[PDB]
>>> print(open('upload_4.cif').read())   # mmCIF, C-alpha atoms and all ligand atoms; chains and numbers go by the auth columns
data_upload
#
loop_
_atom_site.group_PDB
_atom_site.id
_atom_site.type_symbol
_atom_site.label_atom_id
_atom_site.label_comp_id
_atom_site.label_asym_id
_atom_site.label_seq_id
_atom_site.Cartn_x
_atom_site.Cartn_y
_atom_site.Cartn_z
_atom_site.B_iso_or_equiv
_atom_site.auth_seq_id
_atom_site.auth_asym_id
ATOM 1 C CA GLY A 1 0.000 0.000 0.000 0.00 1 A
ATOM 2 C CA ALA A 2 2.403 2.590 1.422 0.00 2 A
ATOM 3 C CA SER A 3 5.046 1.287 -1.089 0.00 3 A
ATOM 4 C CA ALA A 4 8.584 2.603 -0.035 0.00 4 A
ATOM 5 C CA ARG A 5 6.789 4.042 2.943 0.00 5 A
ATOM 6 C CA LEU A 6 6.580 1.175 5.438 0.00 6 A
ATOM 7 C CA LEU A 7 7.023 2.127 9.124 0.00 7 A
ATOM 8 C CA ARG A 8 9.792 0.383 11.086 0.00 8 A
ATOM 9 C CA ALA A 9 8.972 1.392 14.645 0.00 9 A
ATOM 10 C CA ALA A 10 9.611 0.195 18.133 0.00 10 A
ATOM 11 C CA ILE A 11 7.651 0.981 21.373 0.00 11 A
ATOM 12 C CA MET A 12 9.348 1.083 24.793 0.00 12 A
ATOM 13 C CA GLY A 13 8.138 1.587 28.303 0.00 13 A
ATOM 14 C CA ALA A 14 8.568 0.200 31.880 0.00 14 A
ATOM 15 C CA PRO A 15 6.170 -2.530 33.202 0.00 15 A
ATOM 16 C CA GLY A 16 3.029 -0.711 34.442 0.00 16 A
ATOM 17 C CA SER A 17 3.667 2.245 32.011 0.00 17 A
ATOM 18 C CA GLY A 18 0.559 1.538 29.966 0.00 18 A
ATOM 19 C CA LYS A 19 2.671 0.274 27.036 0.00 19 A
ATOM 20 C CA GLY A 20 0.343 -2.724 26.593 0.00 20 A
ATOM 21 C CA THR A 21 -2.730 -0.515 26.290 0.00 21 A
ATOM 22 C CA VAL A 22 -1.002 1.880 23.937 0.00 22 A
ATOM 23 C CA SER A 23 0.246 -0.981 21.734 0.00 23 A
ATOM 24 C CA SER A 24 -3.367 -2.362 21.590 0.00 24 A
ATOM 25 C CA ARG A 25 -4.776 1.000 20.521 0.00 25 A
ATOM 26 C CA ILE A 26 -2.043 1.437 17.800 0.00 26 A
ATOM 27 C CA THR A 27 -2.910 -1.925 16.364 0.00 27 A
ATOM 28 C CA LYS A 28 -6.634 -1.031 16.725 0.00 28 A
ATOM 29 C CA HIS A 29 -6.248 2.113 14.658 0.00 29 A
ATOM 30 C CA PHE A 30 -3.415 1.508 12.164 0.00 30 A
ATOM 31 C CA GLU A 31 -2.523 -1.049 9.624 0.00 31 A
ATOM 32 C CA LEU A 32 0.577 -2.717 11.073 0.00 32 A
ATOM 33 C CA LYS A 33 2.148 -5.917 12.458 0.00 33 A
ATOM 34 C CA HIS A 34 2.849 -5.845 16.071 0.00 34 A
ATOM 35 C CA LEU A 35 5.788 -8.154 17.013 0.00 35 A
ATOM 36 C CA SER A 36 6.056 -8.743 20.754 0.00 36 A
ATOM 37 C CA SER A 37 9.152 -10.581 21.945 0.00 37 A
ATOM 38 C CA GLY A 38 7.344 -11.768 25.174 0.00 38 A
ATOM 39 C CA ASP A 39 4.682 -13.295 22.835 0.00 39 A
ATOM 40 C CA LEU A 40 7.335 -15.100 20.722 0.00 40 A
ATOM 41 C CA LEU A 41 8.804 -16.536 23.870 0.00 41 A
ATOM 42 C CA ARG A 42 5.365 -17.631 25.159 0.00 42 A
ATOM 43 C CA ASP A 43 4.609 -19.342 21.852 0.00 43 A
ATOM 44 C CA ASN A 44 7.971 -21.169 21.783 0.00 44 A
ATOM 45 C CA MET A 45 7.362 -22.282 25.336 0.00 45 A
ATOM 46 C CA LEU A 46 3.772 -23.387 24.550 0.00 46 A
ATOM 47 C CA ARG A 47 5.117 -25.374 21.589 0.00 47 A
ATOM 48 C CA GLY A 48 7.963 -26.875 23.703 0.00 48 A
ATOM 49 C CA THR A 49 10.766 -25.900 21.382 0.00 49 A
ATOM 50 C CA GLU A 50 14.421 -25.868 22.638 0.00 50 A
ATOM 51 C CA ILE A 51 14.379 -22.085 22.849 0.00 51 A
ATOM 52 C CA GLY A 52 11.059 -22.596 24.780 0.00 52 A
ATOM 53 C CA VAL A 53 12.987 -24.712 27.365 0.00 53 A
ATOM 54 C CA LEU A 54 15.916 -22.288 27.514 0.00 54 A
ATOM 55 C CA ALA A 55 13.608 -19.308 27.894 0.00 55 A
ATOM 56 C CA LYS A 56 11.351 -20.836 30.647 0.00 56 A
ATOM 57 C CA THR A 57 14.556 -21.443 32.663 0.00 57 A
ATOM 58 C CA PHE A 58 15.489 -17.745 32.577 0.00 58 A
ATOM 59 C CA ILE A 59 12.038 -16.315 32.792 0.00 59 A
ATOM 60 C CA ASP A 60 11.499 -18.429 35.984 0.00 60 A
ATOM 61 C CA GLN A 61 14.554 -16.810 37.474 0.00 61 A
ATOM 62 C CA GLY A 62 13.193 -13.410 36.175 0.00 62 A
ATOM 63 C CA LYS A 63 16.289 -12.923 33.956 0.00 63 A
ATOM 64 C CA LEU A 64 16.646 -11.667 30.361 0.00 64 A
ATOM 65 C CA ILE A 65 17.172 -14.395 27.692 0.00 65 A
ATOM 66 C CA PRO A 66 20.772 -13.882 26.251 0.00 66 A
ATOM 67 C CA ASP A 67 21.067 -11.316 23.533 0.00 67 A
ATOM 68 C CA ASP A 68 22.141 -13.597 20.663 0.00 68 A
ATOM 69 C CA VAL A 69 19.224 -15.956 21.193 0.00 69 A
ATOM 70 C CA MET A 70 16.682 -13.201 21.455 0.00 70 A
ATOM 71 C CA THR A 71 18.198 -11.345 18.395 0.00 71 A
ATOM 72 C CA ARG A 72 18.138 -14.529 16.204 0.00 72 A
ATOM 73 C CA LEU A 73 14.587 -15.274 17.101 0.00 73 A
ATOM 74 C CA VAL A 74 13.421 -11.706 16.336 0.00 74 A
ATOM 75 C CA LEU A 75 15.415 -11.348 13.152 0.00 75 A
ATOM 76 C CA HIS A 76 14.058 -14.640 11.937 0.00 76 A
ATOM 77 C CA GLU A 77 10.504 -13.341 12.348 0.00 77 A
ATOM 78 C CA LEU A 78 11.214 -9.965 10.718 0.00 78 A
ATOM 79 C CA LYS A 79 12.457 -11.763 7.619 0.00 79 A
ATOM 80 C CA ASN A 80 8.867 -12.700 7.020 0.00 80 A
ATOM 81 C CA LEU A 81 7.411 -9.274 7.750 0.00 81 A
ATOM 82 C CA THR A 82 9.297 -6.989 5.384 0.00 82 A
ATOM 83 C CA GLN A 83 6.200 -6.223 3.339 0.00 83 A
ATOM 84 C CA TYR A 84 4.321 -4.775 6.326 0.00 84 A
ATOM 85 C CA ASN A 85 4.605 -1.845 8.614 0.00 85 A
ATOM 86 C CA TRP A 86 5.653 -3.120 12.054 0.00 86 A
ATOM 87 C CA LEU A 87 5.724 -2.131 15.704 0.00 87 A
ATOM 88 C CA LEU A 88 8.382 -4.040 17.708 0.00 88 A
ATOM 89 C CA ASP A 89 7.471 -4.374 21.403 0.00 89 A
ATOM 90 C CA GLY A 90 9.803 -5.574 24.124 0.00 90 A
ATOM 91 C CA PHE A 91 12.776 -5.794 21.664 0.00 91 A
ATOM 92 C CA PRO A 92 15.408 -4.183 21.774 0.00 92 A
ATOM 93 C CA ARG A 93 15.694 -4.456 25.499 0.00 93 A
ATOM 94 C CA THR A 94 19.456 -4.122 25.715 0.00 94 A
ATOM 95 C CA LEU A 95 22.075 -2.158 23.818 0.00 95 A
ATOM 96 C CA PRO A 96 23.576 -5.273 22.059 0.00 96 A
ATOM 97 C CA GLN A 97 19.998 -6.026 20.791 0.00 97 A
ATOM 98 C CA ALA A 98 19.594 -2.441 19.515 0.00 98 A
ATOM 99 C CA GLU A 99 23.062 -2.450 17.752 0.00 99 A
ATOM 100 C CA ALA A 100 22.346 -5.827 16.236 0.00 100 A
ATOM 101 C CA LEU A 101 18.976 -4.777 14.932 0.00 101 A
ATOM 102 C CA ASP A 102 20.619 -1.673 13.345 0.00 102 A
ATOM 103 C CA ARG A 103 22.892 -3.930 11.261 0.00 103 A
ATOM 104 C CA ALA A 104 19.844 -5.604 9.689 0.00 104 A
ATOM 105 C CA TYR A 105 17.055 -2.985 9.401 0.00 105 A
ATOM 106 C CA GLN A 106 16.818 0.787 9.608 0.00 106 A
ATOM 107 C CA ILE A 107 14.464 1.738 12.551 0.00 107 A
ATOM 108 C CA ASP A 108 12.639 4.935 11.821 0.00 108 A
ATOM 109 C CA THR A 109 10.887 5.827 15.122 0.00 109 A
ATOM 110 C CA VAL A 110 11.141 4.523 18.679 0.00 110 A
ATOM 111 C CA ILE A 111 8.210 5.554 20.932 0.00 111 A
ATOM 112 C CA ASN A 112 9.096 5.816 24.576 0.00 112 A
ATOM 113 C CA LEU A 113 6.389 6.226 27.255 0.00 113 A
ATOM 114 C CA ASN A 114 7.819 8.020 30.267 0.00 114 A
ATOM 115 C CA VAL A 115 5.506 7.672 33.311 0.00 115 A
ATOM 116 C CA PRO A 116 6.712 8.757 36.867 0.00 116 A
ATOM 117 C CA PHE A 117 8.214 6.017 39.077 0.00 117 A
ATOM 118 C CA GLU A 118 5.704 6.368 41.890 0.00 118 A
ATOM 119 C CA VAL A 119 2.758 5.957 39.439 0.00 119 A
ATOM 120 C CA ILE A 120 4.260 2.786 37.980 0.00 120 A
ATOM 121 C CA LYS A 121 5.057 1.503 41.459 0.00 121 A
ATOM 122 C CA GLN A 122 1.425 2.097 42.591 0.00 122 A
ATOM 123 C CA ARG A 123 0.062 0.154 39.592 0.00 123 A
ATOM 124 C CA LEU A 124 2.304 -2.838 40.030 0.00 124 A
ATOM 125 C CA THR A 125 1.786 -3.281 43.803 0.00 125 A
ATOM 126 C CA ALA A 126 -2.017 -2.782 43.709 0.00 126 A
ATOM 127 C CA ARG A 127 -3.195 -6.421 43.596 0.00 127 A
ATOM 128 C CA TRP A 128 -4.337 -8.438 46.615 0.00 128 A
ATOM 129 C CA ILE A 129 -5.994 -11.903 46.614 0.00 129 A
ATOM 130 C CA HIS A 130 -8.358 -13.609 49.054 0.00 130 A
ATOM 131 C CA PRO A 131 -6.685 -17.109 48.934 0.00 131 A
ATOM 132 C CA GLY A 132 -9.800 -19.072 49.780 0.00 132 A
ATOM 133 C CA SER A 133 -12.118 -17.807 47.033 0.00 133 A
ATOM 134 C CA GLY A 134 -9.698 -16.453 44.427 0.00 134 A
ATOM 135 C CA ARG A 135 -11.283 -12.941 44.856 0.00 135 A
ATOM 136 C CA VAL A 136 -8.982 -10.260 43.507 0.00 136 A
ATOM 137 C CA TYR A 137 -8.958 -6.649 44.844 0.00 137 A
ATOM 138 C CA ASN A 138 -6.983 -3.981 43.079 0.00 138 A
ATOM 139 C CA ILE A 139 -6.273 -0.966 45.176 0.00 139 A
ATOM 140 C CA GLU A 140 -6.798 1.363 42.192 0.00 140 A
ATOM 141 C CA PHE A 141 -10.089 -0.075 40.830 0.00 141 A
ATOM 142 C CA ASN A 142 -11.906 -2.065 43.527 0.00 142 A
ATOM 143 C CA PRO A 143 -10.214 -1.595 46.947 0.00 143 A
ATOM 144 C CA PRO A 144 -11.589 -3.699 49.870 0.00 144 A
ATOM 145 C CA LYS A 145 -13.757 -1.857 52.390 0.00 145 A
ATOM 146 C CA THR A 146 -11.062 -2.531 55.084 0.00 146 A
ATOM 147 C CA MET A 147 -7.471 -2.740 53.782 0.00 147 A
ATOM 148 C CA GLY A 148 -5.919 -6.262 53.743 0.00 148 A
ATOM 149 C CA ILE A 149 -9.403 -7.800 54.567 0.00 149 A
ATOM 150 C CA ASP A 150 -11.770 -9.736 52.294 0.00 150 A
ATOM 151 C CA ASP A 151 -15.117 -7.918 52.179 0.00 151 A
ATOM 152 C CA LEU A 152 -17.296 -10.987 52.463 0.00 152 A
ATOM 153 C CA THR A 153 -15.538 -13.061 55.028 0.00 153 A
ATOM 154 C CA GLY A 154 -13.378 -10.647 57.031 0.00 154 A
ATOM 155 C CA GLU A 155 -10.389 -12.974 56.303 0.00 155 A
ATOM 156 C CA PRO A 156 -6.949 -11.521 55.430 0.00 156 A
ATOM 157 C CA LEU A 157 -5.873 -10.841 51.866 0.00 157 A
ATOM 158 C CA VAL A 158 -2.361 -11.669 50.735 0.00 158 A
ATOM 159 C CA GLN A 159 -0.007 -10.315 47.999 0.00 159 A
ATOM 160 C CA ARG A 160 2.307 -12.358 45.832 0.00 160 A
ATOM 161 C CA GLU A 161 5.961 -11.832 46.377 0.00 161 A
ATOM 162 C CA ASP A 162 6.138 -10.402 42.775 0.00 162 A
ATOM 163 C CA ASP A 163 3.690 -7.674 43.760 0.00 163 A
ATOM 164 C CA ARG A 164 5.387 -6.614 46.888 0.00 164 A
ATOM 165 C CA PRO A 165 6.874 -3.057 46.877 0.00 165 A
ATOM 166 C CA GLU A 166 10.518 -4.112 47.414 0.00 166 A
ATOM 167 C CA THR A 167 10.315 -6.707 44.507 0.00 167 A
ATOM 168 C CA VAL A 168 8.646 -4.177 42.217 0.00 168 A
ATOM 169 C CA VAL A 169 11.302 -1.521 43.044 0.00 169 A
ATOM 170 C CA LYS A 170 13.963 -3.991 42.191 0.00 170 A
ATOM 171 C CA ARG A 171 12.334 -4.871 38.813 0.00 171 A
ATOM 172 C CA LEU A 172 12.009 -1.183 37.874 0.00 172 A
ATOM 173 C CA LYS A 173 15.583 -0.334 38.749 0.00 173 A
ATOM 174 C CA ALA A 174 16.749 -3.324 36.601 0.00 174 A
ATOM 175 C CA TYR A 175 14.516 -2.333 33.668 0.00 175 A
ATOM 176 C CA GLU A 176 15.942 1.229 33.944 0.00 176 A
ATOM 177 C CA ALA A 177 19.497 0.042 34.058 0.00 177 A
ATOM 178 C CA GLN A 178 18.895 -2.114 31.034 0.00 178 A
ATOM 179 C CA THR A 179 17.053 0.258 28.827 0.00 179 A
ATOM 180 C CA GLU A 180 18.695 3.577 29.714 0.00 180 A
ATOM 181 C CA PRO A 181 21.618 2.801 27.289 0.00 181 A
ATOM 182 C CA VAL A 182 19.025 1.868 24.616 0.00 182 A
ATOM 183 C CA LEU A 183 17.177 5.163 24.911 0.00 183 A
ATOM 184 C CA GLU A 184 20.456 7.138 24.739 0.00 184 A
ATOM 185 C CA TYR A 185 21.404 5.130 21.621 0.00 185 A
ATOM 186 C CA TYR A 186 18.133 6.047 19.849 0.00 186 A
ATOM 187 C CA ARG A 187 18.357 9.577 21.162 0.00 187 A
ATOM 188 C CA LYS A 188 21.840 10.007 19.446 0.00 188 A
ATOM 189 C CA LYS A 189 20.191 8.546 16.267 0.00 189 A
ATOM 190 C CA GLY A 190 17.479 11.223 16.510 0.00 190 A
ATOM 191 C CA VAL A 191 14.748 8.627 16.209 0.00 191 A
ATOM 192 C CA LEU A 192 13.476 8.658 19.849 0.00 192 A
ATOM 193 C CA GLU A 193 10.006 10.138 20.485 0.00 193 A
ATOM 194 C CA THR A 194 9.154 10.388 24.228 0.00 194 A
ATOM 195 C CA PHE A 195 5.590 10.756 25.473 0.00 195 A
ATOM 196 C CA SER A 196 5.317 11.692 29.184 0.00 196 A
ATOM 197 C CA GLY A 197 2.223 11.361 31.321 0.00 197 A
ATOM 198 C CA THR A 198 0.608 9.948 34.416 0.00 198 A
ATOM 199 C CA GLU A 199 -2.490 8.542 32.806 0.00 199 A
ATOM 200 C CA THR A 200 -2.603 6.427 29.689 0.00 200 A
ATOM 201 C CA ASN A 201 -5.665 8.284 28.313 0.00 201 A
ATOM 202 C CA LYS A 202 -3.922 11.616 28.424 0.00 202 A
ATOM 203 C CA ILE A 203 -0.798 10.128 26.584 0.00 203 A
ATOM 204 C CA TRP A 204 -2.698 8.164 23.935 0.00 204 A
ATOM 205 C CA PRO A 205 -4.114 11.263 21.996 0.00 205 A
ATOM 206 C CA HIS A 206 -0.497 12.416 21.460 0.00 206 A
ATOM 207 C CA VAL A 207 0.826 9.056 20.318 0.00 207 A
ATOM 208 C CA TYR A 208 -2.236 8.737 18.013 0.00 208 A
ATOM 209 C CA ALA A 209 -1.697 12.232 16.520 0.00 209 A
ATOM 210 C CA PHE A 210 2.038 11.410 16.081 0.00 210 A
ATOM 211 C CA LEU A 211 1.521 8.073 14.207 0.00 211 A
ATOM 212 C CA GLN A 212 -1.293 9.522 12.048 0.00 212 A
ATOM 213 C CA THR A 213 1.427 11.759 10.443 0.00 213 A
ATOM 214 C CA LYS A 214 3.288 8.475 9.647 0.00 214 A
ATOM 215 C CA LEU A 215 0.835 5.759 8.559 0.00 215 A
ATOM 216 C CA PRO A 216 -2.477 4.210 7.264 0.00 216 A
ATOM 217 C CA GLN A 217 -5.387 4.237 9.599 0.00 217 A
ATOM 218 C CA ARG A 218 -6.901 0.814 9.303 0.00 218 A
ATOM 219 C CA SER A 219 -9.867 1.154 6.989 0.00 219 A
ATOM 220 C CA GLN A 220 -12.693 2.418 8.852 0.00 220 A
ATOM 221 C CA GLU A 221 -14.083 0.134 11.689 0.00 221 A
ATOM 222 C CA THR A 222 -15.958 2.970 13.418 0.00 222 A
ATOM 223 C CA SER A 223 -17.230 0.740 16.273 0.00 223 A
ATOM 224 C CA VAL A 224 -18.718 3.343 18.427 0.00 224 A
ATOM 225 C CA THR A 225 -21.155 4.432 15.926 0.00 225 A
ATOM 226 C CA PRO A 226 -21.574 7.298 18.150 0.00 226 A
HETATM 227 N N1 LIG B . 14.205 -8.279 24.296 0.00 1 B
HETATM 228 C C1 LIG B . 14.280 -9.206 25.280 0.00 1 B
HETATM 229 N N2 LIG B . 15.467 -9.631 25.746 0.00 1 B
HETATM 230 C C2 LIG B . 15.528 -10.578 26.663 0.00 1 B
HETATM 231 N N3 LIG B . 14.541 -11.179 27.336 0.00 1 B
HETATM 232 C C3 LIG B . 13.334 -10.752 26.889 0.00 1 B
HETATM 233 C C4 LIG B . 13.144 -9.768 25.883 0.00 1 B
HETATM 234 N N4 LIG B . 11.778 -9.689 25.631 0.00 1 B
HETATM 235 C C5 LIG B . 11.197 -10.485 26.480 0.00 1 B
HETATM 236 N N5 LIG B . 12.088 -11.089 27.321 0.00 1 B
HETATM 237 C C6 LIG B . 11.809 -11.761 28.573 0.00 1 B
HETATM 238 O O1 LIG B . 10.557 -12.353 28.805 0.00 1 B
HETATM 239 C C7 LIG B . 10.168 -11.833 30.088 0.00 1 B
HETATM 240 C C8 LIG B . 8.792 -11.204 29.941 0.00 1 B
HETATM 241 O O2 LIG B . 8.754 -10.166 28.829 0.00 1 B
HETATM 242 P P1 LIG B . 7.852 -8.967 28.927 0.00 1 B
HETATM 243 O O3 LIG B . 6.510 -9.496 28.245 0.00 1 B
HETATM 244 O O4 LIG B . 8.236 -7.962 27.932 0.00 1 B
HETATM 245 O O5 LIG B . 7.833 -8.580 30.334 0.00 1 B
HETATM 246 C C9 LIG B . 11.285 -10.829 30.500 0.00 1 B
HETATM 247 O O6 LIG B . 11.521 -10.787 31.903 0.00 1 B
HETATM 248 C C10 LIG B . 12.517 -11.404 29.881 0.00 1 B
HETATM 249 O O7 LIG B . 12.839 -12.578 30.609 0.00 1 B
#
>>> encode(input="upload_4.cif", output="structure tokens", more="lines below")
Ligand SMILES: Nc1ncnc2c1ncn2[C@@H]1O[C@H](COP(=O)(O)O)[C@@H](O)[C@H]1O
Amino acid sequence: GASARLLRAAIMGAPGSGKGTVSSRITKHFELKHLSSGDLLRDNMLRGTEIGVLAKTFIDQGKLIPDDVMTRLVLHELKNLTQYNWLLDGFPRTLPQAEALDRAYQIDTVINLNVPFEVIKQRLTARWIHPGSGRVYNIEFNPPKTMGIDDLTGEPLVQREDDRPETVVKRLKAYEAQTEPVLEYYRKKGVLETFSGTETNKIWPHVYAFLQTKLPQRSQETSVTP
């Protein structure tokens, strides 16, 4: 369609930054292939491939899969997608992945969502479970009537170790350490576009207006016929 005009883009953002929502809306409104490296890894795992076994090992220890493995897997998929616009998501995560990618394809725009630390920390530590019933409470959307207590039984709620504040802080500092070199690398290339905000619905209009200058709105499903 857009003949020598295909978008090679990447989207970046901390866990809890709303990146997942913004990636959904981009794919809802524009004609592009969204390649998510976490989804490639889940599929390989689901299919029980050798990279699926390798990956599950690391992901269980919350580590990054080595750069060469991750780069090979992604580059193999992009080989197939050259005729489409694409949005890469979760890759590059490290500076060897970004340098490697640059030897194979020219990346035109990297979208970075910059949301304050405390906002991301509040999102990621918000979930509590009542173990007996499976009832979930999210402090932002449906808080219990008394904190740490199940509404219906009065029994205590618990939080997974992953959702605890200290664990979350640790994950965010690691993500920052990892991706800060990547952002600086795209910033020297002049391809980094940063969108800052505290709510995803205030950031989205700007990302939408920015990609509309770049690519084809998916033909017309106006579903809010309001
Ligand atoms: N670009 C990447 N490099 C290395 N590991 C990755 C990458 N993308 C996904 N993963 C991993 O898969 C896990 C979940 O990915 P994510 O869906 O992006 O949180 C991460 O903790 C890493 O173990």
>>> closest_residue(input="upload_4.cif", among="A:175, A:128, A:141, A:86", to="ligand LIG 1 (chain B)", atoms="only C-alpha atoms and all ligand atoms")
A:175
>>> atom_distance(input="upload_4.cif", atom1="atom CA of residue A:25", atom2="atom CA of residue A:208")
8.5 Å
>>> closest_atom_pairs(input="upload_4.cif", of="chain A", to="ligand LIG 1 (chain B)", cutoff="7 Å", atoms="all atoms listed in the file", output="CSV")
residue,atom,partner,partner_atom,distance
A:15,CA,B:LIG1,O5,6.9
A:37,CA,B:LIG1,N4,4.6
A:38,CA,B:LIG1,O3,3.9
A:39,CA,B:LIG1,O3,6.9
A:41,CA,B:LIG1,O1,6.7
A:58,CA,B:LIG1,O7,6.1
A:59,CA,B:LIG1,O7,4.4
A:62,CA,B:LIG1,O6,5.3
A:63,CA,B:LIG1,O7,4.8
A:64,CA,B:LIG1,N3,3.7
A:65,CA,B:LIG1,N3,4.2
A:66,CA,B:LIG1,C2,6.2
A:67,CA,B:LIG1,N2,6.3
A:70,CA,B:LIG1,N2,5.7
A:90,CA,B:LIG1,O4,4.8
A:91,CA,B:LIG1,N1,3.9
A:92,CA,B:LIG1,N1,5.0
A:93,CA,B:LIG1,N1,4.3
A:94,CA,B:LIG1,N2,6.8
>>> axis_aligned_box(input="upload_4.cif", around="stretch 140-150 of chain A", padding_each_side="4 Å", output="JSON")
{"center_x": -9.8, "center_y": -4.2, "center_z": 48.0, "size_x": 15.8, "size_y": 19.1, "size_z": 22.3}
>>> resolve_selection(input="upload_4.cif", expression="the PyMOL selection byres (((chain A and resi 130-136) around 7) and not hetatm)", output="number ranges by chain")
A: 127-129, 137-138, 150, 156-158
>>> atom_distance(input="upload_4.cif", atom1="atom CA of residue A:144", atom2="atom CA of residue A:121")
19.4 Å
>>> resolve_selection(input="upload_4.cif", expression="the PyMOL selection byres (((chain A and resi 119) around 10) and not hetatm)", output="PyMOL selection string")
chain A and resi 16-17+115-118+120-124+197-199
>>> atom_distance(input="upload_4.cif", atom1="atom CA of residue A:172", atom2="atom CA of residue A:110")
20.0 Å
>>> residues_around(input="upload_4.cif", residues="residue A:12", least_positions_apart="6", cutoff="8 Å", atoms="all atoms listed in the file", output="list in words")
residues 19, 89, 90, 110, 111, 112 and 113 of chain A
>>> residues_around(input="upload_4.cif", residues="residue A:95", least_positions_apart="4", cutoff="10 Å", atoms="all atoms listed in the file", output="list in words")
residues 67, 99, 100, 101, 178, 179, 180, 181, 182, 183, 184, 185 and 186 of chain A
>>> write_last_selection(input="upload_4.cif", atoms="C-alpha atoms", output="short mmCIF file (atom, residue, chain, number, x, y, z; two decimals), in the frame of the given file")
data_model
loop_
_atom_site.label_atom_id
_atom_site.label_comp_id
_atom_site.auth_asym_id
_atom_site.auth_seq_id
_atom_site.Cartn_x
_atom_site.Cartn_y
_atom_site.Cartn_z
CA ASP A 67 21.07 -11.32 23.53
CA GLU A 99 23.06 -2.45 17.75
CA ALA A 100 22.35 -5.83 16.24
CA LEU A 101 18.98 -4.78 14.93
CA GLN A 178 18.90 -2.11 31.03
CA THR A 179 17.05 0.26 28.83
CA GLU A 180 18.70 3.58 29.71
CA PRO A 181 21.62 2.80 27.29
CA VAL A 182 19.02 1.87 24.62
CA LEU A 183 17.18 5.16 24.91
CA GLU A 184 20.46 7.14 24.74
CA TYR A 185 21.40 5.13 21.62
CA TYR A 186 18.13 6.05 19.85
#
>>> residues_around(input="upload_4.cif", residues="residue A:84", least_positions_apart="2", cutoff="9 Å", atoms="only C-alpha atoms", output="JSON, numbers by chain")
{"A": [6, 7, 8, 31, 32, 33, 81, 82, 86]}
>>> residues_near_point(input="upload_4.cif", point="(14.6, -21.6, 26.0)", cutoff="12 Å", atoms="all atoms listed in the file", output="PDB file with C-alpha atoms, keeping the file's coordinate frame")
ATOM      1  CA  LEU A  40       7.335 -15.100  20.722  1.00  0.00           C
ATOM      2  CA  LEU A  41       8.804 -16.536  23.870  1.00  0.00           C
ATOM      3  CA  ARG A  42       5.365 -17.631  25.159  1.00  0.00           C
ATOM      4  CA  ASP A  43       4.609 -19.342  21.852  1.00  0.00           C
ATOM      5  CA  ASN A  44       7.971 -21.169  21.783  1.00  0.00           C
ATOM      6  CA  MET A  45       7.362 -22.282  25.336  1.00  0.00           C
ATOM      7  CA  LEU A  46       3.772 -23.387  24.550  1.00  0.00           C
ATOM      8  CA  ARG A  47       5.117 -25.374  21.589  1.00  0.00           C
ATOM      9  CA  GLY A  48       7.963 -26.875  23.703  1.00  0.00           C
ATOM     10  CA  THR A  49      10.766 -25.900  21.382  1.00  0.00           C
ATOM     11  CA  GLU A  50      14.421 -25.868  22.638  1.00  0.00           C
ATOM     12  CA  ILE A  51      14.379 -22.085  22.849  1.00  0.00           C
ATOM     13  CA  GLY A  52      11.059 -22.596  24.780  1.00  0.00           C
ATOM     14  CA  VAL A  53      12.987 -24.712  27.365  1.00  0.00           C
ATOM     15  CA  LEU A  54      15.916 -22.288  27.514  1.00  0.00           C
ATOM     16  CA  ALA A  55      13.608 -19.308  27.894  1.00  0.00           C
ATOM     17  CA  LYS A  56      11.351 -20.836  30.647  1.00  0.00           C
ATOM     18  CA  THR A  57      14.556 -21.443  32.663  1.00  0.00           C
ATOM     19  CA  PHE A  58      15.489 -17.745  32.577  1.00  0.00           C
ATOM     20  CA  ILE A  59      12.038 -16.315  32.792  1.00  0.00           C
ATOM     21  CA  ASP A  60      11.499 -18.429  35.984  1.00  0.00           C
ATOM     22  CA  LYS A  63      16.289 -12.923  33.956  1.00  0.00           C
ATOM     23  CA  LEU A  64      16.646 -11.667  30.361  1.00  0.00           C
ATOM     24  CA  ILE A  65      17.172 -14.395  27.692  1.00  0.00           C
ATOM     25  CA  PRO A  66      20.772 -13.882  26.251  1.00  0.00           C
ATOM     26  CA  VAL A  69      19.224 -15.956  21.193  1.00  0.00           C
ATOM     27  CA  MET A  70      16.682 -13.201  21.455  1.00  0.00           C
ATOM     28  CA  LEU A  73      14.587 -15.274  17.101  1.00  0.00           C
TER      29      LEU A  73
END
>>> closest_residue(input="upload_4.cif", among="A:107, A:98, A:152, A:35", to="residue A:80", atoms="all atoms listed in the file")
A:35
>>> residues_around(input="upload_4.cif", residues="residue A:204", least_positions_apart="6", cutoff="10 Å", atoms="all atoms listed in the file", output="list in words")
residues 18, 21, 22, 23, 25, 26, 113, 195, 197 and 210 of chain A
>>> write_last_selection(input="upload_4.cif", atoms="C-alpha atoms", output="PDB file, in the coordinates of the input")
ATOM      1  CA  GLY A  18       0.559   1.538  29.966  1.00  0.00           C
ATOM      2  CA  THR A  21      -2.730  -0.515  26.290  1.00  0.00           C
ATOM      3  CA  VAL A  22      -1.002   1.880  23.937  1.00  0.00           C
ATOM      4  CA  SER A  23       0.246  -0.981  21.734  1.00  0.00           C
ATOM      5  CA  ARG A  25      -4.776   1.000  20.521  1.00  0.00           C
ATOM      6  CA  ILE A  26      -2.043   1.437  17.800  1.00  0.00           C
ATOM      7  CA  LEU A 113       6.389   6.226  27.255  1.00  0.00           C
ATOM      8  CA  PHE A 195       5.590  10.756  25.473  1.00  0.00           C
ATOM      9  CA  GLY A 197       2.223  11.361  31.321  1.00  0.00           C
ATOM     10  CA  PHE A 210       2.038  11.410  16.081  1.00  0.00           C
TER      11      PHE A 210
END
>>> residues_around(input="upload_4.cif", residues="residue A:221", least_positions_apart="2", cutoff="12 Å", atoms="all atoms listed in the file", output="MDAnalysis selection string")
chainID A and resid 28:31 217:219 223:225
